[PDB]
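For reference, the structure discussed in these notes is given below.
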Amino acid sequence: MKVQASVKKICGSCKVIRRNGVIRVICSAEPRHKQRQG
Amino acid sequence: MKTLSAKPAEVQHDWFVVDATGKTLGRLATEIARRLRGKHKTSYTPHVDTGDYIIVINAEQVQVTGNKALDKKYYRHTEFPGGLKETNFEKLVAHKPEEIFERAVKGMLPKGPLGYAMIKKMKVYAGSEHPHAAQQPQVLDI
Amino acid sequence: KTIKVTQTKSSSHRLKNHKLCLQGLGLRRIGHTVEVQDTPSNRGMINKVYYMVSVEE
Amino acid sequence: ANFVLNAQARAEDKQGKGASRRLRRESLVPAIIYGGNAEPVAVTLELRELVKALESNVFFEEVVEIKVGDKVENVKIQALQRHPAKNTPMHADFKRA
Amino acid sequence: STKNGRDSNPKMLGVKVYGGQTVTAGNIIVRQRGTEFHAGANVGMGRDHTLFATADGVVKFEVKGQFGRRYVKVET
Amino acid sequence: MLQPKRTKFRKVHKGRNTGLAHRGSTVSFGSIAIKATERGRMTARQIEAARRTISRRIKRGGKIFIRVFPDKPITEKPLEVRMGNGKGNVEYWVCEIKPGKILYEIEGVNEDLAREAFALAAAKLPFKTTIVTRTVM
RNA sequence: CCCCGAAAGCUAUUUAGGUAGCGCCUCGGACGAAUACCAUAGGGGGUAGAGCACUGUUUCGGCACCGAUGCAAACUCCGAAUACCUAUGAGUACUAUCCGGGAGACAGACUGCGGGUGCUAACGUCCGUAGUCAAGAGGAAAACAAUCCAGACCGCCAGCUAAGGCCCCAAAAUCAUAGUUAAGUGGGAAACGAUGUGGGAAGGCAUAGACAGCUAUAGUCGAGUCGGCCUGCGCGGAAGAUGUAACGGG
Ligand SMILES: [Zn+2]
């Protein structure tokens with residue numbers, strides 16, 4: 001999990017979602033692309 | 001000396017009962033404080049207690065809006081170093097419903113001996129029963 | 001041919017020429033009303049202190 | 001014919017700095033029309049219509065028509081002013097053709 | 001330590017009498033380092049380019065001549 | 001590090017930065033350009049960094065026009081020095097930026113590559129920018 | 001007890017926390033429109049802005065010059081608003097000026113505007129200009145010389161308003177009509193990031209059937225869908241020491 005002020009899609013398998021007022025990125029292929037804005 | 005002050009020996013206190021089911025906390029508290037202080041009587045005097053007795057029933061059914069059920073915080077300090085204690089509304093309403101009303105009405109009454117005397121006239125009960133049948137309270141819808 | 005001017009605000013902190021314009025029109029206090037001739041010379045003083053007078057034209 | 005702009009007269013009480021700023025706050029554009037044998041005429045234009053016309057390239061080389069009610073003028077674009085930072089058109093000149 | 005910190009005393013130059021005013025003979029009209037204004041009728045020039053009136057009258061400024069020089073004169 | 005070859009004076013007053021840029025706000029040399037939207041100061045190092053980024057991205061396939069030059073010197077005190085005792089020493093050179101001023105122009109590339117290079121460059125600058133293209137008027 | 005009422009500036013000083021002349025206060029005498037505010041008329045300027053004609057400086061081409069393109073406290077082909085000087089004039093006002101008796105003061109402060117210096121730091125320092133304090137009480141900003149409103153002769157258990165306000169502490173609307181926000185945002189903070197929601201101007205494809213999903217572009221279905229620009233209000237970025245402690249509290 002990466003925690004940064006800027007979160008973006010990396011590949012075509014990343015999806016940007018919103019949970020409980022937090023913007024996250026979840027990737028279907030590689031777990032290392034997982035991100036959380038913070 | 002033509003404007004007269006109310007005489008404490010001539011003040012009549014009346015008994016009312018209020019049901020708190022589904023009411024907003026602060027908007028009920030303002031009216032309760034008004035009637036405790038006596039602002040609704042034409043003989044109102046700032047240095048004399050002229051208010052009425054208010055019984056509150058179903059105290060654990062009071063409501064708050066937004067996210068205040070989980071996010072509103074209650075603090076106290078035991079005067080030992082590091083002694084700050086914290087709770088929230090939803091635990092406090094389950095545990096001690098009367099202290100919520102005590103805090104809310106105490107914040108709106110004056111701070112002094114007269115205010116301490118005024119707040120003695122409010123009786124808060126969690127359930128739907130009160131032990132003051134002998135005083136024959138009247139139903140008040142505020 | 002004559003107009004009525006009423007002072008509506010205080011003149012204590014104003015500029016010196018503005019105070020002198022009020023004194024030259026004859027206004028002495030808040031709520032004072034005077035009646036003056038309708039001439040360009042009077043109109044200049046009125047227009048300079050427009051923001052604290054009321055004109056009944 | 002192909003390019004037509006509906007316009008309304010801009011009067012003396014609508015001319016000036018504050019008046020022009022109020023017009024632009026109402027989303028309008030001031031314009032002037034001058035040319036041979038007639039006095040200048042001041043008019044007001046629609047911002048969206050002007051932007052749509054400026055997007056096309058033939059607008060700058062073809063005779064355009066400005067209609068203020070019954071009065072009709074045939075003119076060419078002569079000069080345009082834009083805001084330095086936002087690029088919004090601010091004033092237009094039209095030379096009679 | 002700075003090498004600056006000097007300046008000279010003020011000299012009080014400029015126009016002393018403006019257009020439309022009345023003068024008497026001897027009144028100084030302009031103080032000037034160079035000849036920014038030139039002497040017209042009834043106006044004399046001193047050794048330091050000062051312009052003064054040589055007769056009573058009214059001061060008047062103008063622009064005249066083939067070089068566009070500024071002139072001041074006195075009308076009696 | 002752009003800097004004038006010689007100057008008439010060494011130290012200049014601070015001044016104030018006011019107004020808009022009515023001059024230098026039109027694409028003249030190239031076809032696409034980047035321009036500032038708010039005011040500020042631009043240093044020679046910032047100019048060099050943005051130029052290097054643009055040139056590296058476009059791989060020197062077109063021509064880059066730089067329209068800002070840092071002709072204003074800025075002084076500083078030597079540190080641990082008290083107030084007074086003269087003006088400081090020149091440290092670096094800046095250019096004053098007003099809203100609407102065009103910084104860089106590019107000639108001879110595709111718009112997608114020019115925009116990607118401009119986006120790369122805009123991250124090195126201390127003020128907001130925007131992209132413009134040439135127009136008849 | 002009654003009346004008026006400053007200054008913390010300039011110049012010089014073995015002078016810098018002293019003093020002297022002038023400026024500012026007061027009292028007496030002389031003399032009244034010679035004074036000021038505003039209108040009209042006359043007048044010089046080189047600042048703001050702007051520009052490249054000079055002095056410097058700047059980028060790209062062509063051949064120091066030529067074509068485009070920028071910059072300047074000690075550059076100017078230009079050039080205001082205000083300020084300043086003079087004359088005439090209505091109205092309002094104990095105004096102006098001259099001669100004498102007595103002084104105090106010559107450590108200022110903050111706020112706004114134009115600037116130098118400093119880091120476009122400081123409740124920093126040095127100038128110009130206006131207001132307040134100094135020497136000024138009352139109401140508002142929780143408390144708060146210098147901010148906002150307003151200038152206290154004395155008395156009244158009368159009335160109208162200013163700034164600021166009208167749920168309770170605590171005087172007055174739980175007033176009325178339309179919208180926005182879900183963050184207790186309101187009631188601290190940036191670059192940047194994001195299908196959060198409201199509004200606006202255009203564009204692409206589409207019931208000879210559009211987007212997604214699914215079967216190997218066709219094909220099952222049955223109306224919208226797609227990607228940008230401008231804009232209102234919100235979200236993250238956001239860590240500190242005694243006690244909630246960044247709406248005065250409820
Ligand atoms: Zn991925």
Side-chain angles (χ1 to χ4, degrees), chain A, chain B residues 65-73 86 88-91, chain D residues 51 55 85-88, chain F residues 1 25 27 29-68 95 97 99-135:
Chain A
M1 173 84 78
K2 288 143 173 323
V3 190
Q4 30 208 52
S6 163
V7 292
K8 314 156 136 313
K9 280 144 80 130
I10 298 193
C11 43
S13 266
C14 292
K15 301 179 54 233
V16 179
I17 77 152
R18 222 154 83 72
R19 287 183 179 149
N20 196 350
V22 179
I23 311 202
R24 301 168 175 275
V25 168
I26 61 155
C27 186
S28 147
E30 328 85 17
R32 72 173 62 208
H33 285 175
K34 200 165 63 185
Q35 291 157 72
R36 171 187 115 220
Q37 195 172 48
Chain B
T65 69
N67 267 85
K68 289 185 277 201
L70 172 69
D71 274 353
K72 185 174 171 74
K73 294 264 159 13
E86 199 196 68
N88 70 354
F89 173 92
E90 103 194 314
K91 304 198 178 103
Chain D
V51 171
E55 283 184 32
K86 288 118 73 153
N87 224 66
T88 320
Chain F
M1 257 33 81
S25 52
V27 190
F29 296 81
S31 97
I32 191 189
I34 180 179
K35 70 150 77 152
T37 317
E38 52 149 320
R39 84 185 66 253
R41 272 171 179 184
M42 217 177 154
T43 65
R45 317 176 87 89
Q46 284 155 18
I47 295 162
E48 187 44 59
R51 193 210 54 94
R52 263 202 290 270
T53 311
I54 300 179
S55 160
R56 151 153 58 61
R57 188 36 90 106
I58 75 156
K59 295 142 208 333
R60 316 166 178 188
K63 200 204 221 330
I64 304 153
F65 303 90
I66 302 172
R67 294 189 73 189
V68 279
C95 184
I97 300 299
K101 169 77 155 220
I102 282 169
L103 315 166
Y104 299 96
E105 289 206 17
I106 305 179
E107 168 97 68
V109 296
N110 331 292
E111 275 196 33
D112 82 325
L113 197 61
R115 290 183 167 262
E116 94 169 38
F118 277 156
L120 275 206
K124 316 295 192 170
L125 300 179
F127 39 77
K128 288 198 208 333
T129 65
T130 189
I131 311 295
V132 283
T133 68
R134 193 185 288 248
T135 288

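Counting convention: from 1, in listed order, for ligands and their atoms alike. To find a chain, count down the sequence lines: A is the first, B the second, and so on, and within it residues start at 1.
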Salt-bridge criterion met for B:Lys73 and B:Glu86 (N-O under 4.0 Å): no
Pair F:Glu48 + F:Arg45: basic N to acidic O under 4.0 Å: no
Flag, side chain of F:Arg60 to backbone of F:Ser55, donor-acceptor distance under 3.5 Å: no
B:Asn88 side-chain N/O to B:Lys91 backbone N/O, donor-acceptor pair under 3.5 Å: yes
Anything under 3.5 Å between a donor and an acceptor, one on a side chain of residues 29-38 of chain A, the other on a protein residue two or more places apart or in another chain? List them.
{"residue": "A:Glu30", "atom": "OE1", "partner": "A:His33", "partner atom": "ND1", "Å": "2.6"}
{"residue": "A:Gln35", "atom": "OE1", "partner": "A:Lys8", "partner atom": "N", "Å": "3.4"}
{"residue": "A:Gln35", "atom": "NE2", "partner": "A:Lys8", "partner atom": "O", "Å": "3.3"}
{"residue": "A:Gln35", "atom": "NE2", "partner": "A:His33", "partner atom": "O", "Å": "2.9"}
{"residue": "A:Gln37", "atom": "NE2", "partner": "A:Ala5", "partner atom": "O", "Å": "3.0"}

Atoms of protein origin (N, O or S) under 2.8 Å from the Zn ion (ligand 1): A:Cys11 SG, A:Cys14 SG, A:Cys27 SG, A:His33 ND1
Audit row: F:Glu107, F:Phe65, side chain to side chain contact (heavy atoms under 4.5 Å, CB included) steps and yes/no: CA-CA 8 Å; F:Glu107 168 97 68; F:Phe65 303 90; 3.7 Å; yes
